[PDB]
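Cβ atoms come from the backbone with ideal geometry, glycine included; neighbour counts cover every protein chain shown. Taken together, the values in this text are just the output of simple stated rules run on the coordinates, not laboratory data.
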Amino acid sequence: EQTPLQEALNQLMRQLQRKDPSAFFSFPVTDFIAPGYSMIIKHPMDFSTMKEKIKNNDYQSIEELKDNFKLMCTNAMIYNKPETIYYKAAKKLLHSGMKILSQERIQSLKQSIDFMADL
Ligand SMILES: CCN1/C(=C/C(C)=O)Sc2ccc(OC)cc21
Ligand SMILES: [Cl-]
């Protein structure tokens, strides 16, 4: 029922979420949690939204998931001040996640996804 691309995206998601042990990025940030958030952050993202996008087959490539992942981390560094736990978590998550989503790792996954096609 799921494509090789969807399955790879879900495996990468599990690796990225393990780097968020405090679960700060699990769910959408609301204006109840973060006053004025919606006026500061115009393109919100979180892991639960990414998971739903995978399930709905909204991602056409791993790079599109990588873009959403970077956006998620950047949003938290834009809204939160550097001293806060949320900013510090976002900086660490972004750095760790960019190594999980390295261009060379992505290329290798693309190859194996492509191999399942035109058989
Ligand atoms: C959901 C945790 N969290 C945020 C997460 C991200 C990704 O930004 S930002 C923030 C601000 C206040 C708060 O508890 C008053 C929590 C809080
Ligand atoms: Cl890279």
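Explain nothing, just the number: dipole magnitude of the chain about its Cα centre with +1 on each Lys and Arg Cβ and -1 on each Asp and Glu Cβ, in debye rounded to the nearest 20. Please list the in-between numbers first.
Working: 16 positive and 14 negative charges, 122 e Å.
The dipole of the chain has a size of about 580 debye.
With a cap of 11 neighbouring Cβ atoms within 10 Å, and only residues DSSP puts in a loop, list the GluC sites (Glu not before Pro) found in the range 8-97.
Numbers: sites: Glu52, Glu63, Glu64, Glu83; in loops: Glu83.
Counting only loop positions with at most 11 other Cβ atoms within 10 Å, the GluC sites (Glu not before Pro) in the range 8-97 are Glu83.
Among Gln111, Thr3, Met45, whose Cα lies farthest out toward the positive end of the dipole of the chain, if unit charges sit on the beta carbon of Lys, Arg (+1) and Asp, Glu (-1)?
The residue sitting farthest along the positive end of the dipole is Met45.
Output the relative contact order of the chain, whole-number percent, from Cα pairs under 8 angstrom with separation of 6+ residues. Mind dumping the intermediate values first?
Working: 94 pairs, mean separation 35.5, N = 119.
Relative CO of the chain lands at 30 percent.
Each residue of the range 18-32 in turn: what ³J(HN,Hα) in whole Hz from Karplus with 6.51, -1.76, 1.60 and θ = phi - 60°, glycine and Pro shown as x?
Once rounded to whole Hz, the list reads 4, 7, 10, x, 7, 6, 5, 9, 6, 9, x, 6, 9, 6, 6.
Rounded to the nearest 500, what is the chain's calculated 222 nm mean residue ellipticity when only DSSP H runs of at least 4 contribute -39500 (n - 2.57) each, over all residues? Walk me through the intermediate numbers first.
Values: 6 runs with 75 residues, N = 119.
It comes out at -20000 deg cm²/dmol, rounded to the nearest 500.
For the chain, what does the convex hull of the Cα positions come to per residue, in cubic angstrom? List each step's numbers first, then the result.
Values: hull volume 11.8 nm³, N = 119.
Spelled out: Cα convex hull of the chain, divided by residues, is 100 Å³.
How big is the Cα convex hull of the range 40-82 in projection, averaged over all directions, in nm²? Could the numbers behind the result be given before it?
Values: hull surface 12.7 nm².
Directional mean of the projected Cα hull area for the range 40-82 stands at 3.2 nm².
Where a Cα-Cα gap under 30 Å defines reach, which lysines qualify for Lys88, not counting those fewer than 8 residues away within the same chain?
Hits, sequence-local ones excluded: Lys19, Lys42, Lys51, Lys53, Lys55, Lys66, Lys70, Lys99.
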